[PDB]
Ligand SMILES: O=C(O)CNC(=O)C(=O)O
Ligand SMILES: [Mg+2]
Ligand code: NI
Ligand SMILES: [Zn+2]
């Protein structure tokens, strides 16, 4: 069995290997990359996402979100407070302000220490889930707006034709912006490209050990667990690496820098934080190997998780027994 310790693997495809996206994902899996839940892909030196980032300031962040924490430094939740609209140029100036800018630090490890010590005492502002793309249309390789759609994958594998679309989303971050512990909708894959700016640190639990993280989360968040049998779908709970180590939960960590892709694999729980002002693009995708994970994915039916239109069909076709309850949670 490849990668039996479930380490995060880093790939360096050549320009030739970068042509066929599906083939390269299958290659990484042949080497055991999915066992980690996360992989890093460094694009060939000849590749670029677009020519420059000099003209992005006028993109609108319609509903910036202030991420307010509650709890203790290593075990906390966050809620998202809506703020007034602002442009990317306005948001960048805000991220760089004395109130929000990255503090002086020695290296990524020192910054990680400062994040877990101090995150809860501040409320950073995030642009999230902004439909759009920063890939140039002429970028043919690994262009996250030109991938094969999940609806087409389901049709190819299972024969069923369904409604729905699959487009990418932009994220604008600043120091201490935080992504809570979660798997993707329907335990899909994700791909994330860091277009510009400061890094993102990721934490990940191997898919084969995801239920260990779920059991710890039920212990640490006991009222939320009573409220919903899939409350991590709410995407609000944080647990630090020190707490995970104290509780014996298997995990790994890695820092993504600008110009790098990260792939999350089905049922790989992940969480993390941004180091400073940045912009990322991400989208969900599927392969044949996902189908079995989609069929088994937990679902939130309490009303909190509310998701895209296109998840309806996935539930309806892959999880018909659950469909009526889940749809009630959507309405
Ligand atoms: O950029 C982001 O905020 C978050 N990305 C992910 O959790 C992902 O690609 O799965
Ligand atoms: Mg612009
Ligand atoms: Ni994710
Ligand atoms: Zn719920």
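Just so it is clear, chain A uses Swiss-Prot numbers, and the residues here are 11-341, in order.
So how was this one determined? The header says X-ray crystallography, 1.3 Å.
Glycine is treated like the rest: Cβ placed from N, Cα and C.
Database features, via Swiss-Prot:
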DOMAIN    18-60  domain 'JmjN'
MOD_RES   26  polyADP-ribosyl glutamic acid
MOD_RES   27  polyADP-ribosyl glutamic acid
BINDING   136, 202, 210, 245  2-oxoglutarate binding site
DOMAIN    146-312  domain 'JmjC'
BINDING   192, 194, 280  Fe cation binding site
BINDING   238, 244, 310, 312  Zn(2+) binding site
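When secondary structure is read from DSSP and collapsed to three states, residue 244 (Zn(2+) binding site) falls in the helix class. When the binding-site residues 238, 310, 312 are compared by the number of other C-beta atoms lying within 10 angstroms of their own C-beta, 312 comes out lowest. Note on proximity: of the recorded positions 27, 210, 238, 244, 245, the one nearest residue 192 (Fe cation binding site) is 245, by Cα distance. Checking the binding-site residues 136, 202, 310, 312 for a CB within less than 6 Å of any atom of ligand 4 leaves 310, 312, listed in sequence order. Comparing Cβ neighbour counts within 10 Å across the binding-site residues 192, 280, the minimum falls on 192. Other than the site residues 238, 244, 310, 312, same-chain residues with C-beta atoms no more than 8 angstroms from the centre of those residues' C-beta atoms, the Zn(2+) site, are 237, 239, 240, 241, 243, 311, 313, 314, 315, 339.
A C-beta separation below 8 Å, combined with a sequence spacing of at least six in one chain, links residue 194 (Fe cation binding site) to 200, 274, 276, 294. Of the listed binding-site residues, namely 210, 244, 245, the sparsest CB environment within 10 A is found at 245.
Spacing of residue 238 (Zn(2+) binding site) relative to residue 245 (2-oxoglutarate binding site) is 13 Å (Cα to Cα, whole number).
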